[PDB]
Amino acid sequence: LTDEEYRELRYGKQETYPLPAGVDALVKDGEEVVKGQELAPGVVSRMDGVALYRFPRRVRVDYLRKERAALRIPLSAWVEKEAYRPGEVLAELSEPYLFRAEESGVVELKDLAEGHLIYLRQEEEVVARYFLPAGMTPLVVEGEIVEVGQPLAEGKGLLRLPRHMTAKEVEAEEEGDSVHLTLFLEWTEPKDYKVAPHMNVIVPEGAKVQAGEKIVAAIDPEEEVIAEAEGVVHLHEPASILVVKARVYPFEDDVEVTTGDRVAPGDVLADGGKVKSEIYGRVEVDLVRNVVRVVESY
């Protein structure tokens, strides 16, 4: 009777897989993994089970951005839709076009991947918010004083939503030659945070967070990491991953089981008889990922 073989029968199959510093995993914190599957460029799992992160070093936060801007283009070149998708063609310009300033003031240029966003400011007041999709290259620069009628950008061929931008609730009022579109833009803007062991990631993978919300804790304040604004947390670069032979069943509401209990194929776990197990084994009610995992038996 091996000191080890005992733990496998009683508590279950477990294996740790180390990761070379600065390397990122090819799986999420509690993703279902199969025998042979790459858990990271160098590492490869030897069993089916659940991959769990051991002390991650990088926490990425996909911050949500939303701005409302306007665009002026030739009615004939427009590709009328009530919502656009990333990379989506917004219009087809036959000949070069000059999106001209309909307000005056100082410009603020904000790169948005293959696209741009312009703000016309007059003193302490944002007087305008212009959207100019990829293809329409800006003609002005951050800090330039611009006047009404002055061309701000220029499009030559097709106009597309930045690969990562989305536009919905498009309100387009027609006007003779051109068209005036005001769009509600939404795109993700990520930021990365480095976690030194003496730090505790309070939030799990996939968590939605709000401004002010504490993401990472530590005995020192300037060390703490607080969300700039609404977003979605992501864990990256775990020093290692522990695979556990077990299945995982997430639930929307109420758990009908307790950590420690044994289970069999059929046995209900949560959401009324909606969530049933498929295997025999131990139970662990993870309420950090709002899921119930069942460690295989045999």
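Residue positions are given as counts along the sequence shown, with the first one as 1.
**Request:** Would you determine, from the values in the PDB entry, which of 89 to 97 and 146 to 154 has the greater average C-alpha temperature factor?
**Result:** It is 89 to 97 that shows the higher mean C-alpha B-factor.
**Request:** Mind pulling up the entry and telling me whether 193 to 201 or 167 to 175 has the higher mean Cα temperature factor?
**Result:** Per the deposited B-factors, the answer is 167 to 175.
**Residue of maximum C-alpha B factor among 213, 114, 123, 222, per deposited coordinates** = Each of 213, 114, 123, 222 was compared by C-alpha B-factor; the highest is 222.
**Asked** Based on the PDB record, which member of 232, 235, 257, 52 exhibits the highest Cα temperature factor?
**Response** Answer, based on the entry's C-alpha B-factors: 257.
**Asked** Among the modelled residues of its chain, does the C-alpha B-factor of residue 228 lie in the lowest, middle or highest third?
**Response** Middle third, going by the recorded CA B-factors of the chain.
**Asked** Once the chain's modelled residues are ordered by C-alpha B factor and cut into thirds, is residue 184 in the lowest, middle or highest one?
**Response** Residue 184: CA B-factor falls in the middle third of its chain.
**Request:** Sort the modelled residues of this chain by their C-alpha B factor and say whether residue 206 lands in the lowest, middle or highest third.
**Result:** Lowest third.
**Prompt:** Considering only modelled residues of the same chain, in which third does the CA B-factor of residue 292 rank: lowest, middle or highest?
**Reply:** It falls in the middle third of the chain.
**Item:** Cα B factor band for residue 270 (lowest, middle or highest third within the chain)
**Value:** Ranked within chain, residue 270 CA B lands in the highest tercile.
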